[PDB]
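Have a look at input00.txt; it's compact mmCIF, C-alpha atoms (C1' of nucleotides) and all ligand atoms:
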# COMPACT_ATOMS: atom_id res chain seq x y z
CA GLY A 1 97.04 -38.10 271.48
CA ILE A 2 98.34 -34.88 273.05
CA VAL A 3 96.71 -31.45 272.94
CA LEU A 4 98.43 -28.19 273.83
CA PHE A 5 96.17 -25.29 274.76
CA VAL A 6 97.38 -21.69 274.97
CA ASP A 7 95.29 -18.91 276.54
CA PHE A 8 96.77 -15.42 276.76
CA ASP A 9 96.86 -13.60 280.16
CA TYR A 10 94.42 -10.71 280.85
CA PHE A 11 94.74 -10.15 277.15
CA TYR A 12 93.19 -6.75 276.34
CA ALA A 13 94.69 -5.16 279.46
CA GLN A 14 98.08 -6.77 278.81
CA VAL A 15 98.20 -5.46 275.22
CA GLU A 16 97.62 -1.96 276.57
CA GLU A 17 100.41 -2.52 279.14
CA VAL A 18 102.73 -3.51 276.27
CA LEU A 19 101.62 -0.53 274.19
CA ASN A 20 102.16 1.67 277.32
CA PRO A 21 104.65 0.15 279.82
CA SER A 22 104.06 2.97 282.34
CA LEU A 23 100.71 1.23 283.01
CA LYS A 24 102.57 -1.91 284.19
CA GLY A 25 102.15 -2.63 287.91
CA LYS A 26 98.89 -0.71 288.38
CA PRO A 27 95.14 -1.39 288.17
CA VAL A 28 93.97 -1.41 284.52
CA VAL A 29 90.39 -1.89 283.35
CA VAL A 30 89.43 -2.17 279.67
CA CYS A 31 85.86 -0.99 279.04
CA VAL A 32 83.07 -1.24 276.54
CA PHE A 33 81.38 2.13 276.78
CA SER A 34 77.80 1.97 275.56
CA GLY A 35 77.38 5.69 274.78
CA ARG A 36 74.16 5.82 276.74
CA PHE A 37 75.29 8.05 279.59
CA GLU A 38 78.59 8.85 281.31
CA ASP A 39 80.32 5.49 282.08
CA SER A 40 77.45 3.33 280.79
CA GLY A 41 78.54 -0.17 279.73
CA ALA A 42 80.50 -3.11 281.07
CA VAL A 43 84.11 -4.19 281.58
CA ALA A 44 85.80 -6.38 278.94
CA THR A 45 88.58 -7.46 281.25
CA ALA A 46 90.95 -6.06 283.92
CA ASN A 47 94.45 -6.89 285.05
CA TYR A 48 95.25 -8.92 288.17
CA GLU A 49 95.91 -5.80 290.24
CA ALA A 50 92.34 -4.69 289.45
CA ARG A 51 90.93 -8.17 290.15
CA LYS A 52 92.24 -8.01 293.71
CA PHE A 53 89.52 -5.34 294.14
CA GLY A 54 86.59 -7.19 292.59
CA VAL A 55 86.82 -5.60 289.14
CA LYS A 56 86.47 -8.27 286.44
CA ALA A 57 85.08 -9.06 282.98
CA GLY A 58 81.36 -8.56 282.85
CA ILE A 59 80.58 -6.16 285.66
CA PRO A 60 79.19 -2.66 285.02
CA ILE A 61 81.67 0.21 284.55
CA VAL A 62 79.81 2.12 287.30
CA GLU A 63 80.31 -0.86 289.70
CA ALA A 64 84.01 -0.82 288.81
CA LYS A 65 84.48 2.90 289.41
CA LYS A 66 82.54 2.62 292.68
CA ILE A 67 84.95 0.01 294.14
CA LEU A 68 88.15 1.08 292.26
CA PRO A 69 87.93 4.87 291.46
CA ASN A 70 91.63 5.50 290.85
CA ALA A 71 92.36 2.70 288.37
CA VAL A 72 93.22 3.53 284.74
CA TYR A 73 90.11 3.03 282.60
CA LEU A 74 90.74 2.59 278.87
CA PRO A 75 88.24 1.96 276.08
CA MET A 76 88.23 -1.28 274.16
CA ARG A 77 89.99 -1.31 270.77
CA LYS A 78 89.20 -4.83 269.54
CA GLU A 79 90.93 -4.31 266.23
CA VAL A 80 94.21 -3.40 267.93
CA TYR A 81 93.98 -6.55 270.09
CA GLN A 82 92.94 -8.64 267.08
CA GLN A 83 96.11 -7.61 265.24
CA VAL A 84 98.30 -8.84 268.10
CA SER A 85 96.23 -12.01 268.37
CA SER A 86 96.71 -12.86 264.69
CA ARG A 87 100.46 -12.37 264.98
CA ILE A 88 100.55 -14.72 267.97
CA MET A 89 98.31 -17.23 266.23
CA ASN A 90 100.89 -17.44 263.41
CA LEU A 91 103.72 -18.03 265.88
CA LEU A 92 101.62 -20.89 267.24
CA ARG A 93 101.24 -22.08 263.66
CA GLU A 94 105.02 -22.62 263.33
CA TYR A 95 104.90 -25.24 266.13
CA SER A 96 101.87 -27.08 264.72
CA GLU A 97 99.75 -26.77 261.56
CA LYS A 98 96.98 -28.67 263.31
CA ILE A 99 95.47 -25.71 265.15
CA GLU A 100 92.06 -24.64 266.56
CA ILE A 101 91.50 -20.95 267.26
CA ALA A 102 88.68 -20.77 269.85
CA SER A 103 88.55 -17.06 270.81
CA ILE A 104 90.43 -13.84 270.25
CA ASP A 105 92.96 -15.08 272.87
CA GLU A 106 93.13 -18.90 272.87
CA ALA A 107 93.98 -21.82 270.58
CA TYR A 108 94.35 -25.60 270.69
CA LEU A 109 97.29 -27.36 269.06
CA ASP A 110 97.42 -31.05 268.39
CA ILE A 111 101.08 -31.84 268.96
CA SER A 112 101.04 -35.66 268.76
CA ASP A 113 103.39 -35.67 265.73
CA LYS A 114 105.83 -33.12 267.21
CA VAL A 115 106.37 -34.64 270.70
CA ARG A 116 106.77 -38.24 271.98
CA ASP A 117 105.25 -37.74 275.45
CA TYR A 118 104.11 -35.27 278.14
CA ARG A 119 107.64 -34.28 279.07
CA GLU A 120 108.53 -33.16 275.55
CA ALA A 121 105.07 -31.54 275.50
CA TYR A 122 105.87 -29.51 278.60
CA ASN A 123 109.22 -28.50 277.09
CA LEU A 124 107.41 -27.36 273.92
CA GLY A 125 105.02 -25.40 276.10
CA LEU A 126 107.99 -23.56 277.68
CA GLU A 127 109.42 -22.95 274.22
CA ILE A 128 106.03 -21.51 273.12
CA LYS A 129 105.83 -19.27 276.21
CA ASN A 130 109.33 -17.95 275.54
CA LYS A 131 108.67 -17.21 271.87
CA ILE A 132 105.52 -15.22 272.48
CA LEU A 133 107.31 -13.31 275.23
CA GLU A 134 110.24 -12.46 272.91
CA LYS A 135 108.17 -11.61 269.83
CA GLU A 136 105.17 -9.78 271.31
CA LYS A 137 106.03 -9.39 275.05
CA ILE A 138 102.77 -11.16 275.92
CA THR A 139 102.60 -13.79 278.69
CA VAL A 140 100.32 -16.74 278.22
CA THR A 141 99.09 -19.83 280.05
CA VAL A 142 99.70 -23.30 278.59
CA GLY A 143 97.56 -26.39 279.43
CA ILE A 144 98.56 -29.84 278.17
CA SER A 145 96.47 -33.03 278.27
CA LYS A 146 95.12 -35.91 276.21
CA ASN A 147 92.19 -33.79 274.93
CA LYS A 148 90.67 -30.36 274.39
CA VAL A 149 88.53 -30.37 277.53
CA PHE A 150 91.38 -31.31 279.87
CA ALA A 151 93.91 -29.01 278.19
CA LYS A 152 91.48 -26.18 278.95
CA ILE A 153 90.88 -27.35 282.55
CA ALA A 154 94.65 -27.58 283.03
CA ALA A 155 95.18 -24.04 281.76
CA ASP A 156 92.44 -22.75 284.08
CA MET A 157 94.24 -24.21 287.08
CA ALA A 158 97.54 -22.56 286.20
CA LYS A 159 96.36 -19.03 285.14
CA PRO A 160 98.63 -16.15 285.21
CA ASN A 161 101.74 -17.06 283.40
CA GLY A 162 101.71 -20.77 284.10
CA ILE A 163 102.00 -24.15 282.44
CA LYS A 164 100.37 -27.43 283.52
CA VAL A 165 100.10 -31.03 282.34
CA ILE A 166 97.14 -33.21 283.33
CA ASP A 167 98.52 -36.68 282.52
CA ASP A 168 96.41 -39.84 282.18
CA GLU A 169 96.43 -40.66 285.93
CA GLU A 170 95.29 -37.14 286.89
CA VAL A 171 92.48 -37.39 284.33
CA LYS A 172 91.30 -40.50 286.20
CA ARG A 173 91.54 -38.59 289.48
CA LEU A 174 89.83 -35.45 288.16
CA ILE A 175 86.98 -37.56 286.74
CA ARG A 176 86.60 -38.75 290.38
CA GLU A 177 87.33 -35.59 292.39
CA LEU A 178 86.55 -32.57 290.19
CA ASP A 179 83.31 -30.90 291.18
CA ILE A 180 80.96 -31.35 288.21
CA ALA A 181 80.21 -27.61 288.13
CA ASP A 182 83.85 -27.00 287.20
CA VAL A 183 83.40 -28.92 283.94
CA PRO A 184 83.36 -26.68 280.86
CA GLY A 185 79.79 -26.34 279.63
CA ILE A 186 78.16 -26.83 283.03
CA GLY A 187 76.82 -23.48 284.19
CA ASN A 188 74.62 -22.52 287.13
CA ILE A 189 71.42 -23.93 285.70
CA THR A 190 72.85 -27.30 284.75
CA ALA A 191 74.82 -27.55 288.01
CA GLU A 192 71.59 -27.17 290.05
CA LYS A 193 69.83 -29.85 288.05
CA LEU A 194 72.77 -32.23 288.57
CA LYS A 195 72.61 -31.57 292.34
CA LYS A 196 68.89 -32.42 292.45
CA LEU A 197 69.85 -35.89 291.12
CA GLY A 198 72.75 -36.02 293.61
CA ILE A 199 75.36 -35.98 290.86
CA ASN A 200 78.38 -34.09 292.19
CA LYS A 201 81.36 -35.49 290.25
CA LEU A 202 81.84 -36.74 286.69
CA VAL A 203 82.07 -40.32 287.96
CA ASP A 204 78.51 -39.97 289.28
CA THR A 205 77.20 -39.93 285.68
CA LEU A 206 78.20 -43.57 284.98
CA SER A 207 75.89 -44.83 287.77
CA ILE A 208 72.63 -43.41 286.40
CA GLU A 209 70.23 -44.51 283.62
CA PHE A 210 70.95 -42.64 280.40
CA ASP A 211 67.23 -41.95 279.90
CA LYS A 212 66.83 -40.43 283.38
CA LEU A 213 69.88 -38.18 282.83
CA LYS A 214 68.92 -37.01 279.32
CA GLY A 215 65.45 -35.99 280.49
CA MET A 216 66.91 -33.59 283.05
CA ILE A 217 69.87 -31.92 281.25
CA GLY A 218 69.36 -32.91 277.58
CA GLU A 219 70.74 -35.49 275.17
CA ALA A 220 73.87 -33.62 273.98
CA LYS A 221 74.88 -32.59 277.48
CA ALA A 222 74.37 -36.14 278.79
CA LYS A 223 76.40 -37.73 275.97
CA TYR A 224 79.11 -35.11 276.70
CA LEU A 225 79.36 -35.81 280.46
CA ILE A 226 79.18 -39.60 280.10
CA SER A 227 81.83 -39.45 277.33
CA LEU A 228 84.17 -37.40 279.48
CA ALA A 229 83.49 -39.64 282.47
CA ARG A 230 84.32 -42.75 280.47
CA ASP A 231 87.66 -41.20 279.44
CA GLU A 232 86.48 -41.53 275.82
CA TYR A 233 85.85 -37.90 274.81
CA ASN A 234 88.13 -37.31 271.86
CA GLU A 235 86.88 -34.43 269.67
CA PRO A 236 89.74 -33.55 267.34
CA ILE A 237 91.40 -30.23 266.52
CA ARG A 238 89.61 -28.66 263.56
CA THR A 239 89.69 -25.24 261.92
CA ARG A 240 86.71 -23.26 263.21
CA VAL A 241 84.26 -21.96 260.62
CA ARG A 242 82.35 -18.87 261.63
CA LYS A 243 78.68 -19.91 261.72
CA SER A 244 77.06 -16.49 262.33
CA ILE A 245 78.04 -12.82 262.20
CA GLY A 246 76.33 -9.74 263.51
CA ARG A 247 76.21 -6.47 265.32
CA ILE A 248 74.12 -5.01 268.18
CA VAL A 249 74.10 -1.47 269.60
CA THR A 250 72.77 0.35 272.65
CA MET A 251 70.39 3.19 271.96
CA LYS A 252 70.87 6.65 273.46
CA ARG A 253 67.42 6.01 274.99
CA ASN A 254 64.64 3.37 275.02
CA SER A 255 62.01 3.66 272.30
CA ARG A 256 59.17 2.03 270.42
CA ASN A 257 59.48 4.60 267.62
CA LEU A 258 60.50 2.96 264.35
CA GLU A 259 62.03 6.16 262.91
CA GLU A 260 63.95 6.59 266.17
CA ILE A 261 65.20 2.95 266.09
CA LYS A 262 65.89 2.57 262.34
CA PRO A 263 69.21 4.57 262.35
CA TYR A 264 70.67 2.21 264.95
CA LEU A 265 69.47 -0.85 263.08
CA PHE A 266 70.86 0.38 259.76
CA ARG A 267 74.24 0.96 261.34
CA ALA A 268 74.16 -2.60 262.65
CA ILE A 269 73.42 -3.84 259.15
CA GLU A 270 76.24 -1.93 257.39
CA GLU A 271 78.88 -3.00 259.91
CA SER A 272 77.57 -6.57 259.80
CA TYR A 273 77.83 -6.72 256.03
CA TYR A 274 81.36 -5.37 256.25
CA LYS A 275 82.24 -8.17 258.72
CA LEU A 276 80.60 -10.77 256.40
CA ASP A 277 83.18 -10.03 253.73
CA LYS A 278 82.55 -12.42 250.76
CA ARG A 279 80.18 -14.68 252.72
CA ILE A 280 76.53 -14.84 251.55
CA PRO A 281 73.95 -15.49 254.28
CA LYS A 282 70.57 -17.20 253.81
CA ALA A 283 69.20 -16.30 257.26
CA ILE A 284 68.74 -12.92 258.97
CA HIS A 285 67.47 -12.28 262.50
CA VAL A 286 66.73 -9.01 264.24
CA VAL A 287 67.60 -9.11 267.91
CA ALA A 288 66.16 -6.66 270.44
CA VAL A 289 67.00 -6.24 274.12
CA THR A 290 63.91 -4.91 275.85
CA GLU A 291 63.68 -2.34 278.66
CA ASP A 292 63.94 -5.05 281.37
CA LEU A 293 66.93 -6.67 279.61
CA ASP A 294 65.03 -9.60 278.10
CA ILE A 295 66.28 -10.64 274.63
CA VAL A 296 63.54 -11.05 271.98
CA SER A 297 64.13 -11.86 268.30
CA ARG A 298 62.54 -12.22 264.90
CA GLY A 299 64.13 -13.78 261.85
CA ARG A 300 63.66 -15.35 258.46
CA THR A 301 65.52 -17.86 256.31
CA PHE A 302 65.52 -17.53 252.54
CA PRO A 303 66.01 -20.33 250.02
CA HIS A 304 68.73 -18.18 248.41
CA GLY A 305 71.42 -15.70 249.57
CA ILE A 306 70.57 -12.30 251.07
CA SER A 307 71.80 -9.17 249.32
CA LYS A 308 72.43 -5.98 251.29
CA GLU A 309 69.28 -4.41 249.85
CA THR A 310 67.16 -7.35 251.04
CA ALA A 311 68.87 -7.13 254.43
CA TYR A 312 67.67 -3.52 254.76
CA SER A 313 64.13 -4.29 253.67
CA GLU A 314 63.57 -7.46 255.65
CA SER A 315 65.20 -6.28 258.84
CA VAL A 316 62.71 -3.41 258.89
CA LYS A 317 59.85 -5.85 258.37
CA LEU A 318 61.24 -8.03 261.19
CA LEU A 319 61.66 -5.03 263.48
CA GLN A 320 58.08 -4.01 262.68
CA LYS A 321 57.09 -7.52 263.72
CA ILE A 322 58.88 -7.26 267.10
CA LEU A 323 57.11 -3.97 267.88
CA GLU A 324 53.73 -5.44 266.90
CA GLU A 325 54.09 -8.64 268.92
CA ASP A 326 55.86 -7.20 272.01
CA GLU A 327 54.78 -4.15 274.01
CA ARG A 328 57.88 -3.31 276.09
CA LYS A 329 60.27 -0.51 275.07
CA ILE A 330 63.40 -1.53 273.15
CA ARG A 331 66.80 -0.70 274.58
CA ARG A 332 69.36 -2.30 272.24
CA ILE A 333 68.92 -3.32 268.62
CA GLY A 334 70.95 -5.65 266.44
CA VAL A 335 71.01 -7.96 263.51
CA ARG A 336 72.60 -11.34 262.83
CA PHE A 337 73.39 -13.28 259.67
CA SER A 338 73.66 -17.05 259.38
CA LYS A 339 73.46 -20.02 257.01
CA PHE A 340 76.32 -18.95 254.80
CA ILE A 341 76.59 -20.55 251.37
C1' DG B 1 55.10 -40.71 264.30
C1' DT B 2 59.59 -37.17 261.71
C1' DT B 3 61.97 -32.59 259.55
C1' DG B 4 63.75 -28.00 260.12
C1' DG B 5 62.77 -23.13 260.62
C1' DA B 6 61.42 -19.78 264.38
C1' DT B 7 62.34 -18.52 268.88
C1' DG B 8 64.54 -18.72 273.04
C1' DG B 9 67.63 -20.81 276.87
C1' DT B 10 72.32 -21.84 278.52
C1' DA B 11 77.25 -21.34 278.26
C1' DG B 12 81.49 -18.90 277.91
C1' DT B 13 82.99 -15.07 277.44
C1' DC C 1 70.61 9.19 281.54
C1' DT C 2 70.88 7.47 286.35
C1' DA C 3 73.46 -1.16 285.88
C1' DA C 4 73.47 -4.94 283.50
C1' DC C 5 78.66 -4.77 276.38
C1' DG C 6 78.60 -7.15 272.72
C1' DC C 7 79.46 -11.37 270.84
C1' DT C 8 79.41 -16.46 269.23
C1' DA C 9 78.05 -21.39 269.65
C1' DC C 10 75.13 -25.11 270.61
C1' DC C 11 70.88 -27.27 271.69
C1' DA C 12 65.77 -27.68 273.32
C1' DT C 13 61.14 -26.89 272.45
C1' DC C 14 57.26 -25.78 269.54
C1' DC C 15 54.48 -26.88 265.81
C1' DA C 16 53.15 -26.44 260.92
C1' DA C 17 54.67 -29.26 256.88
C1' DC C 18 55.99 -33.74 255.64
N1 LIG D 1 83.38 -7.65 275.85
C1 LIG D 1 83.83 -8.66 276.55
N2 LIG D 1 85.03 -9.13 276.32
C2 LIG D 1 85.37 -10.12 277.14
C3 LIG D 1 84.63 -10.69 278.15
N3 LIG D 1 85.35 -11.71 278.75
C4 LIG D 1 86.50 -11.71 278.11
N4 LIG D 1 86.57 -10.78 277.10
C5 LIG D 1 87.68 -10.48 276.20
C6 LIG D 1 88.68 -9.63 276.96
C7 LIG D 1 89.74 -10.60 277.39
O1 LIG D 1 91.01 -9.98 277.61
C8 LIG D 1 89.72 -11.60 276.25
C9 LIG D 1 90.14 -13.00 276.69
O2 LIG D 1 89.26 -13.32 277.77
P1 LIG D 1 89.59 -14.41 278.86
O3 LIG D 1 88.28 -15.08 279.10
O4 LIG D 1 90.56 -15.49 278.39
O5 LIG D 1 90.11 -13.73 280.21
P2 LIG D 1 91.39 -12.74 280.20
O6 LIG D 1 92.40 -13.01 279.13
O7 LIG D 1 90.95 -11.30 280.10
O8 LIG D 1 92.00 -12.89 281.67
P3 LIG D 1 92.71 -14.34 281.85
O9 LIG D 1 93.67 -14.55 283.03
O10 LIG D 1 92.23 -15.52 281.02
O11 LIG D 1 91.56 -14.73 282.79
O12 LIG D 1 88.36 -11.66 275.83
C10 LIG D 1 83.32 -10.19 278.39
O13 LIG D 1 82.44 -10.53 279.21
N5 LIG D 1 83.02 -9.15 277.52
CA CA D 2 90.60 -17.23 276.87
CA CA D 3 92.83 -15.25 278.79
CA CA D 4 80.19 -24.09 286.30
Taking this structure as input, can you express it in the form of structure tokens?
Amino acid sequence: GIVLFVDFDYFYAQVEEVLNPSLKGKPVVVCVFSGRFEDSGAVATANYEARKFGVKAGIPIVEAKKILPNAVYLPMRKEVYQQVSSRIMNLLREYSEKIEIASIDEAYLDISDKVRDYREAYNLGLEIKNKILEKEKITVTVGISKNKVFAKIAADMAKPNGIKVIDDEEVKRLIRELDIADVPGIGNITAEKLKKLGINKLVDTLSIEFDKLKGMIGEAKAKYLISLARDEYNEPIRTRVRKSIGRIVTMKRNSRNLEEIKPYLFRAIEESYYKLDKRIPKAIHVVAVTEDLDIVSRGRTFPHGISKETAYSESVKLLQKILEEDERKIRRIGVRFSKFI
DNA sequence: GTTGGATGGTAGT
DNA sequence: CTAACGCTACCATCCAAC
């Protein structure tokens, strides 16, 4: 079983560099402007030149401009990037039909019926890098291993414009030596909990009672870590089915005034329903980000599908419910559809 | 004692 | 207005309904 994972380099910024080669070789920062005030919002990504200065995905645009004033700041055009992504995804498709698209910029290929071993895998990975570079002028990072998790870990180790194989012996070693925090799915919270039990490496999970481990971090997370640690994790490549779709927007200013909020909510509904496109949801949730950035939410599941008209009516009821049961001012408002038929 | 919908926490973006 | 997008996925906990 061999899995080939491709993850495009500084994707949004790189697309813009391809669309405008004069940008190449300079700091570039792609931004999600919230509309709230001048330069309100956060950064989607930035190129490696910008990262040298601390500018990276997630930080506030005002933090970016503070530490890197003279960079080029462009707004995010997701649709433009999505078009390039789909074209690349189809190139990937001509090397393997067995493909898992995980984000706008990455995908997992099962290549066990195309290559004999890790060498031929690596050569395929160089072939794939070349093709994407010729056809779209995008550089990507390939990670090859016996499974999805390790293909992703391998890519992470080789980022910008690399390629890396983690073969079976290195898996054994990484199960022993890789800091547990560096395992996909273990964030800050879960890392702390694993330190309190003195569990620092994947191998440390095989020397602890299942029941004691599941109590601390949860059943699913325990079964995941133990499975990895046993060298048994083997989730296969499967087409991803979108489970939920929605839209959230930042308001020009905080409010508890229904008539002031409604317009934003109704925009979120229209654009959500456009993104649904054929799908019929049975569950709707209204999501509100309060003045102190806490996320609160009210929803409802129907026994049948939700029509646009019901989405308008219920979302208003749900938003009324949030205002009734929570006293803080609202700052962002959104909606989310799930349980598709 | 067991389902699953409502709500929220954690993760990776 | 004065920092903190916009998104998706998965799972834990609560607690009325079984
Ligand atoms: N809005 C938003 N978009 C993000 C965020 N993180 C990543 N993205 C978008 C922009 C990225 O170009 C694209 C792919 O993200 P990646 O996580 O793979 O990082 P990126 O390609 O930008 O740099 P790379 O060398 O992987 O690290 O997804 C984020 O926090 N917010
Ligand atoms: Ca990625
Ligand atoms: Ca990337
Ligand atoms: Ca971590």
Would you mind telling me which residue in A:132, A:186, A:151, A:68 lies nearest to chain B when using all atoms listed in the file?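 With all atoms listed in the file as the atom set, the closest residue is A:186.
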Write out as a list in words the residues lying within 9 Å of residue 7 of chain C, counting all atoms listed in the file and excluding same-chain residues fewer than 2 positions away.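 Near neighbours after the sequence-gap exclusion: residues 245, 246, 247 and 248 of chain A; 13 of chain B; 5 of chain C.
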Starting from the point (62.5, 0.0, 259.8), work out which residues of protein, DNA or RNA have an atom no more than 10 Å away when counting only C-alpha atoms (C1' of nucleotides); state them as a list in words.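 Within the cut-off we find residues 257, 258, 259, 260, 261, 262, 263, 264, 265, 266, 312, 313, 314, 315, 316, 317, 318, 319 and 320 of chain A.
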Could you list, as a PyMOL selection string, all residues that come within 10 Å of ligand CA 4 (chain D)? Count all atoms listed in the file. (chain A and resi 179-192) or (chain B and resi 11-12)
Can you check which parts of chain B lie within 8 Å of chain A? Per residue, the shortest pair of atoms and distance in Å to one decimal, counting all atoms listed in the file, sorted by chain and number, as CSV.
residue,atom,partner,partner_atom,distance
B:5,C1',A:301,CA,7.3
B:6,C1',A:299,CA,7.1
B:7,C1',A:297,CA,6.9
B:8,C1',A:296,CA,7.8
B:10,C1',A:187,CA,7.4
B:11,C1',A:185,CA,5.8
B:12,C1',A:185,CA,7.8
Any residue with an atom at most 6 Å from ligand CA 2 (chain D) counts, using only C-alpha atoms (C1' of nucleotides) and all ligand atoms. Which are they? Put them as a PDB file with C-alpha atoms, in the coordinates of the input.
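And here is the file that came out, selection-v9.pdb:
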ATOM      1  CA  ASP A   7      95.290 -18.910 276.540  1.00  0.00           C
ATOM      2  CA  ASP A 105      92.960 -15.080 272.870  1.00  0.00           C
ATOM      3  CA  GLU A 106      93.130 -18.900 272.870  1.00  0.00           C
TER       4      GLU A 106
END
Pick out the residues sitting within 12 Å of residue 235 of chain A, and hand them over as a list in words; count all atoms listed in the file, and ignore anything fewer than 4 positions along from it in its own chain. residues 1, 2, 3, 100, 108, 110, 146, 147, 148, 149, 150, 224, 227, 228 and 231 of chain A
Residues of chain A within 9 Å of chain C, using only C-alpha atoms (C1' of nucleotides), as a PyMOL selection string? chain A and resi 31-34+36-38+40-44+58-63+218-221+242-250+252-253+293
Can you tell me how far atom CA of residue 125 of chain A sits from atom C5 of ligand LIG 1 (chain D), in Å to one decimal?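 It comes out at 22.9 Å.
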Close residues to ligand CA 3 (chain D) using all atoms listed in the file, limit 12 Å, as an MDAnalysis selection string: (chainID A and resid 5:15 44:48 57 85 102:107 138:142 152 155:156 158:162) or (chainID B and resid 12:13)
